[PDB]
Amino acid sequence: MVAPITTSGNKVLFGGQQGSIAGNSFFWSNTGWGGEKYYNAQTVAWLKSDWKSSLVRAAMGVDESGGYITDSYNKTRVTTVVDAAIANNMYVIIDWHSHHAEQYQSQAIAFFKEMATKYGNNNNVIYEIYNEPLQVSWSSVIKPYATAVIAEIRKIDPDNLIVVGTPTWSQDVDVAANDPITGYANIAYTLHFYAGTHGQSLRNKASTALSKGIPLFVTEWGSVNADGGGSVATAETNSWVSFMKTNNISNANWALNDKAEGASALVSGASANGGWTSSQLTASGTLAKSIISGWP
């Protein structure tokens, strides 16, 4: 039903043609952290019908407090959002939302094997296997774990996109480009930016990476500071959108959530049933709807 996603050189393709999609990341799924109330079919359908979103990202907390490693119901929140994205003809990222993914390798393999088995025949699904590595080695920390998890997914789901986290909160895509994962089909690399913190020096590294032949996917970006706080950087966000559209870079905005921080798209109390009007969107949410609604 939706077009299958593939990669070829530095391009992420849809039904074999260049293009890109825009949508939304939910906040951490973790029990007690307040983003869980939006993991439901009404909010998913509303992002589709009112924001024209093409994509939702289920950000399943792993080793953080209330994450999947101690609270099994995180997986239920993910499957609820996956089923709803399929029901609404939207792509969906299943995101192992950890800063230490290599330390939970067997758990990550088991989880992605169960997902690939249940969902691997749907074109909608994208596997994101390591949200945000920290200041750790690409060759000696991330790449060996990413290779192990990809080997296992590809034995079950030969095709659907896998997106791999990069060093330094998924900034160092130019490092991954110097030592890419070869031999497996349809693998892209994560770039995260926050417009209040990151500008031209980070676009320069993304340009280097694309020049060296690797495809990028922005599974998370914000218009505020990297810690999720602060003011919307409208002009810097525009420069990033220009860069993403130039290079057909798909993207998910952080976060569809109503916590009292700058990155939250919604004003606190915004209904979990969706139906939000203009005043229930924060400065960041207003700008993200504009970008997503206008995406080519």
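The numbering used is simple: start at 1 and walk along the sequence shown.
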For the stretches 39-47 and 226-234, which has the higher mean C-alpha B-factor as given in the deposited record? 226-234
Using only C-alpha atoms and the B-factors in the entry, which stretch averages higher, 260-268 or 54-62? 260-268
What third of its chain, lowest, middle or highest, does the C-alpha temperature factor of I292 fall into? lowest
Test of reading the entry: by CA B factor among the chain's modelled residues, which third contains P133? middle
Based on the deposited C-alpha B factors for this chain, I'd like to know if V12 is in the lowest, middle or highest third. highest
Taking the chain's C-alpha temperature factors as the reference, tell me which third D83 falls into: lowest, middle or highest. lowest
Assert third(CA B-factor, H192) within chain per record equals lowest
